[PDB]
Structure formats: C-alpha cells, structure tokens
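Next up: just one chain, as structure tokens, the form deposited in one PDB entry.
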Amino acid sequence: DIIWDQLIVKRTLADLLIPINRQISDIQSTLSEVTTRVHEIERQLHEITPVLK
C-alpha cells in the first residue's frame, strides 16, 4: 500500500543519508572539542604573558 511505499522510499534514502549525517555529527563534535582546546590555550597564553615583563 501507500504506507509501505513510504517506508521503502525512506529506507532507500537512509542507505545514503545516514552515513552523511553520521560523518557531519562526528565532524561537529570533533570541531567543538578542538574549539574548546584552542580556547583553553588562549586562556593559558593569557596567564603567562605577565611573566615576560
């Protein structure tokens, strides 16, 4: 019927979109982690420029 056609169409799209969505979410989390590490480095560099003079 129409309700099973939707499920087959949906699963056919998912064969391609699930991996793109997975790749994007893993990039987003790694990029958020890197931004946090870079923020902490800027905080550390700020605390050690007083010792220069």
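What we label the rigid core is the largest C-alpha set whose atoms superpose within 1.5 Å from one form to the other. So that there is no doubt, residue numbering starts at 1 and follows the sequence shown. Only residues modelled in both forms are compared.
**Student:** Going by the mean C-alpha B-factor recorded in the entry, which is higher: 40 to 48 or 21 to 29?
**Tutor:** The entry gives the higher C-alpha B-factor average to 40 to 48.
Although it is not shown, the form deposited in another entry is what the next lines describe.
**Student:** With the core superposed, find the residue in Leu45, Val38, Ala14, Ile20 that moves its CA 2 Å or more between this form and the one not shown.
**Tutor:** Once the cores are aligned, the residue moving by 2 Å or more is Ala14.
**Student:** Where exactly does the backbone move between this form and the one not shown? Looking for runs of 3+ consecutive residues, each with a CA shift of 2 angstroms or more after core alignment.
**Tutor:** Moving stretch: 1 to 15 alone.
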